[PDB]
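Just so you know, all these numbers are worked out from the coordinates, no wet-lab data involved. Here Cβ is always computed from backbone atoms with ideal geometry, including for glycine, and neighbour counts include all displayed protein chains.
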Amino acid sequence: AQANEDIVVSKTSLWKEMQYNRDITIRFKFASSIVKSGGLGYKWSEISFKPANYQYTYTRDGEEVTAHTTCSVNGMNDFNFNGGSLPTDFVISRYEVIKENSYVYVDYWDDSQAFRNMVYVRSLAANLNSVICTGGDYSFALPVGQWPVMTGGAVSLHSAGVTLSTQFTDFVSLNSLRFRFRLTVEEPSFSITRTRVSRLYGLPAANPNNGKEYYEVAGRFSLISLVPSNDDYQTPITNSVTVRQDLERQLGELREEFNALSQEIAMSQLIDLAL
Amino acid sequence: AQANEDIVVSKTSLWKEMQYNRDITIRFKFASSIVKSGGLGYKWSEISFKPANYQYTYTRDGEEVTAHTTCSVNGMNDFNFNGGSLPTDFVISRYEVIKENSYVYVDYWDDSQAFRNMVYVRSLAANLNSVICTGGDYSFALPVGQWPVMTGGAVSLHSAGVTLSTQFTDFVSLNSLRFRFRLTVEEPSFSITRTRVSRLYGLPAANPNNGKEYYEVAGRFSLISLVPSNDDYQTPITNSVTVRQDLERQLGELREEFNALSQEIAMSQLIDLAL
Amino acid sequence: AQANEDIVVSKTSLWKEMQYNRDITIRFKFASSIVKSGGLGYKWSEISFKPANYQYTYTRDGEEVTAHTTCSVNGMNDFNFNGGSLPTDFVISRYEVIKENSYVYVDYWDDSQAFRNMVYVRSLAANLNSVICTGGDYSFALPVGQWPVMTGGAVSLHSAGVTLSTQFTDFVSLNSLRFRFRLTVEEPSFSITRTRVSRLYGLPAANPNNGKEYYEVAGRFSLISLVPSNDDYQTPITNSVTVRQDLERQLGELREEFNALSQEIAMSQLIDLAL
């Protein structure tokens, strides 16, 4: 029995039940969304996560396999920290942290045969190994004064249930495999330098990647799918997306309004420069 | 016979044609998008509809069934009301209304067997009962002056044809059942108070829920779907979306420009407080 | 053989491999995104492409066929023109052009029998004719001074490989046929008038249509798909999308802060105009 086998557990006139048991190297990555409120620059609106794609190409045992991964988080906890109600105090109205109560989702896909026309799957299971994820060092760029830095945080990701999912994008749509992960706090705790907060567990959402190009976890997955016996059929992969056109229109109207306001402000600033 | 049947009208090696006939509780909900123009606060750029998700769990005859319902509208008319060309008159560039010519779409999904691998359907039919949808009281927060309140509006939703649809979201992707509703205006009219507009029919797009948690309508549906004979196959549902990255980029450039402008304004206002 | 044949190359009980050989009239259209930076109005942020939907209805040989097309571009080159660092020089931070190294994707879909339940396709091939896409005239509306006009640009689209794709939209989701096009630069060049740039091949991303309703190209396609034997099955087409709720929330917060800032500004002008 090989490591990357391909079996036919049944075969009808057109369709066929095939079994696929294959090793994988999930090279995934987080991505953070920072939002800085207006005013002076001491007030932050949100620091959250975003579903983060990463496509790559790794070597199997003599095969070059192109892969595609997409990470995300759910059930994260929304902490806050307000030093006061003034324009000059450092305040973060909301930032997200990962803990036991939350879960981490990783969608995975490859260019192998297991995924080409995978729409039905059963007997799905996987044996993944646990890893560690440490937070980064994010220096809050303040307009004037000292520079606080969010530094620390370490959480171990433990394997959990496996399912299917779909990785939609502006280029491709993939019927993908969804590995779930639970969390356990570790000794390195995250804290903001020059602040009265420290020794609290979790992983920050400012810079989870720690500057790493990716986090890597090895695995194996076994399943049984329905594929056409003729191995020439192809399911649609690429996309041409035009979703949220109302949102595009709202953004256009907001751009028009902000351009008119900036033109008004610039004219009122320039009239005083004619002496 | 049964009220929640599952019949086998045909069967082959791997596939099969199953007939499902089930009662359901369509608990849907409207949602509004109130955009307020800049300036002083007397001018409103648009008040539109937005497709509204709502997920719940209700009790069948000894079963606890999880469900998910997405409401939308189509063919809604656009009314407008301008009281003057000044910054100090209450003007609504556009507000959306529902009438006979328009239609209301409701995509419905449950965790039961009928929807687990539904990609093909025929002999689709449905028996739905009519309900009433009424508008609440949306008080326009005018900085100064009186307080216009958009109030009233009632419409009768009558059943129409049923079809298929796909509910996409940032979490789940659901091959769902699309119930369609036609409208007949009722006696209660919608009106903005302290304003020269009244005795016009439809539904206000401001507070269509009337402060309610949902609008419930019972129903029953019958169909014939193609399912793998092995009742263990699962179709991808969950997602991790990264759509409209270019839109996110434009929003980020907008936010940076807006923060720079706000910093300029705040420095200009702060320089005049040094005595 | 008819120009719009439909043949059966294999038929089991529930499924059947149906061959289709049909003529099509792809009428597509570019769409441009223009983001103008703030300040006076002398700096433009981006002039890029946006995937563009276009639905039409044309006449087959005694039949009326509704269609849906979606044009996109990949691998475009990012040029830019900056003539000075001052707020009064005309600058364009980044604008897109198309050349040999780029490709033009066109997703196509019809209401015909070929696209009713198409999820699997083999033996795909098509005979498409080549056309010429010519850019138009975009007048950069500067606040004051002269009015440069980006005028010209011609490029010939030639047939290339064919694949599948999925057209996602806020109304319909279509399992569609993806036609590729490669580019050969033509003689008419595009040049910004009243500027030091001219005689550079490609197509401009401001007005590609040249005031046209669409770009027409006729073709023929030939495939073999899996269709249930019963000609009554239907695959979900319509949608009800609520994706990017986080983006909607960001936009709402941005609109709130922008209204607050415009209110503060107009209040400063009212107190400075209340003597």
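Along each principal axis of its Cα atoms, how long is chain C end to end? Whole angstroms, biggest number first, please.
86, 47, 31
Taking springs between alpha-carbon atoms closer than 10 angstrom, which of B:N74, B:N175, B:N230 fluctuates most in the Gaussian network model of chain B?
B:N230
May I ask which of A:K16/C:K16; C:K50/C:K99; C:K50/C:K212; A:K50/C:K43; B:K29/B:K99; A:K36/B:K50 have a Cα-Cα span longer than 22 Å here? Can you show the working numbers first?
On the way: A:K16/C:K16 14 Å; C:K50/C:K99 17 Å; C:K50/C:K212 17 Å; A:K50/C:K43 31 Å; B:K29/B:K99 18 Å; A:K36/B:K50 27 Å.
Table pairs above 22 Å Cα-Cα are A:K50/C:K43; A:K36/B:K50.
Within 10 Å of each Cβ in peptide C:14-22, how many partner chain Cβ atoms are there on average? Round it to a whole number, please.
Numbers: counts 14, 9, 1, 5, 0, 0, 0, 0, 0.
Per residue, the number of nearby Cβ atoms from other chains is 3 on average.
How long, wide and thick is the range C:1-138, going by the Cα atoms along their three principal axes, in whole angstroms, largest first?
73, 29, 27
From other protein chains only, count the Cβ atoms within 10 Å of every residue's Cβ in A:36-45, then give the mean. All intermediate terms of the calculation are to be shown ahead of the outcome.
Values: counts 5, 6, 14, 7, 6, 4, 0, 0, 0, 5.
Neighbouring Cβ atoms belonging to other protein chains average 5 per residue here.
Give the shape of the range B:116-176 as rounded, prolate or oblate, defined through the alpha-carbon gyration tensor: a ≥ b ≥ c are the square roots of its eigenvalues, a/c under 1.5 means rounded, and otherwise the shape is prolate if a/b is larger than b/c and oblate if not.
Numbers: a/c = 6.18, a/b = 1.99, b/c = 3.11.
The shape class here is oblate.
Rg and Dmax in Å for the range B:85-216, alpha carbons only: what are they?
Computed over the Cα atoms of the range B:85-216, radius of gyration and Dmax are 19.0, 60 Å.
What are the nm distances, shortest first, from A:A160 to its equivalents in the other copies, labels at 7 Å along Cα→Cβ?
4.2, 4.3
Per DSSP H run of n ≥ 4, the term is -39500 (n - 2.57); total these for the protein assembly as shown, divide by its residue number, and report the mean residue ellipticity at 222 nm rounded to 500 deg cm²/dmol. Kindly include the intermediate steps, with their values, before the conclusion.
Details: 3 runs with 79 residues, N = 825.
Only helices count here, giving -3500 deg cm²/dmol.
I need the Debye-formula profile for the range B:224-275: one equal scatterer per C-alpha, no solvent, reported as log10 I(q)/I(0) at q = 0.14, 0.20 1/Å, two decimals.
-0.66, -0.84
Based on the Cα coordinates of the range C:66-108, what is the per residue volume of their convex hull in Å³? Present the calculation step by step, with values, prior to reporting the outcome.
Details: hull volume 4.1 nm³, N = 43.
Measuring per residue, one finds 94 Å³ for the Cα hull of the range C:66-108.
What nm distances, shortest first, do you get from the label point of A:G62 to those in the other copies when the point sits 7 angstrom along Cα to Cβ?
Going from nearest to farthest copy, the values are 5.8, 6.0 nm.
Per 10 Å bin, what is the whole-percent P(r) computed from every C-alpha pair distance within the range A:22-80?
Bins of 10 Å from zero give 18, 33, 23, 15, 9, 2 percent of pairs.
How far apart, in nm, are two points set 7 Å out from the Cα along the Cα-to-Cβ line at B:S13 and at B:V65?
Calculated label separation equals 3.5 nm.
Working from Cα positions, state the angle (0 to 90°, nearest 10) between the long axis of helix A:245-270 and the longest principal axis of chain A.
So the inclination is approximately 20 degrees.
Using a ≥ b ≥ c from the Cα gyration tensor of the range C:155-275 (square roots of the eigenvalues), is it rounded, prolate or oblate, where a/c under 1.5 gives rounded and otherwise the larger of a/b and b/c decides, a/b for prolate?
Numbers: a/c = 4.15, a/b = 1.38, b/c = 3.00.
Note, shape of the range C:155-275 comes out oblate.
Put a label point 7 Å from Cα along the Cβ direction on B:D111, then list its distances to the equivalent points in the other copies in nm, shortest first.
3.9, 3.9
The protein assembly as shown: percent of C-alpha pairs farther apart than 41 Å?
Values: 145378 of 339900 pairs.
In whole percent, the long-distance tail amounts to 43.
Residues of C:173-181, mean number of Cβ from any other protein chain within 10 Å of their own Cβ, rounded to a whole number? Intermediate results must be reported in sequence, preceding the final value.
Working: counts 7, 2, 2, 4, 1, 5, 0, 0, 0.
Partner-chain Cβ atoms within 10 Å, mean over residues of C:173-181: 2.
Which of A:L86, A:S10, A:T66 sits closest to the plus end of the dipole of the range A:1-121, meaning its Cα is farthest towards the positive end, when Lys and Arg get +1 and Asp and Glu get -1 on the C-beta?
Sorting the options by dipole projection puts first A:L86.
Which three extents, in angstrom, do the Cα atoms of the range B:80-144 have along their principal axes, listed largest first?
On the principal axes, the range B:80-144 reaches 59, 26, 22 Å in Cα extent.
Quick check for me: using +1 on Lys/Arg Cβ and -1 on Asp/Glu Cβ, what's the dipole size of the range A:131-223 about its Cα centre, in debye to the nearest 20? Please report the intermediate quantities before stating the final value.
Values: 8 positive and 6 negative charges, 57 e Å.
Using only the charged Cβ atoms, the result is roughly 280 debye.
So how strong a dipole does the range A:19-177 carry about its Cα centre when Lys and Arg Cβ are +1 and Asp and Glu Cβ are -1, to the nearest 20 debye?
Numbers: 11 positive and 14 negative charges, 45 e Å.
The dipole of the range A:19-177 has a size of about 220 debye.
When the dipole is taken about the Cα centre of the range C:156-275, and only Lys, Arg (+1) and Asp, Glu (-1) are charged at their Cβ, what size is it in debye, to the nearest 20?
On the way: 11 positive and 14 negative charges, 170 e Å.
Here the range C:156-275 has a charge dipole of around 820 debye.
Dipole of the protein assembly as shown (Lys/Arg Cβ +1, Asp/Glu Cβ -1, origin at the Cα centre): which of B:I24, C:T184, B:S37 lies farthest to the positive side?
B:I24
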